[PDB]
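> Below is a structure I'd like to ask you about.
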Amino acid sequence: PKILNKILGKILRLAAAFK
């Protein structure tokens, strides 16, 4: 399923909101 990269990608997605 969603591996680390995906979860990481999820963070990046939110990180975009934070950044």
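Quick note on naming: the chains in the structure tokens go A, B, ... in the order shown, residues restart at 1 in each chain, and ligands are numbered from 1 in order of appearance.
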DSSP on the backbone: what in chain A comes out helix (DSSP H, G or I), as a ChimeraX atom specification?
/A:4-18
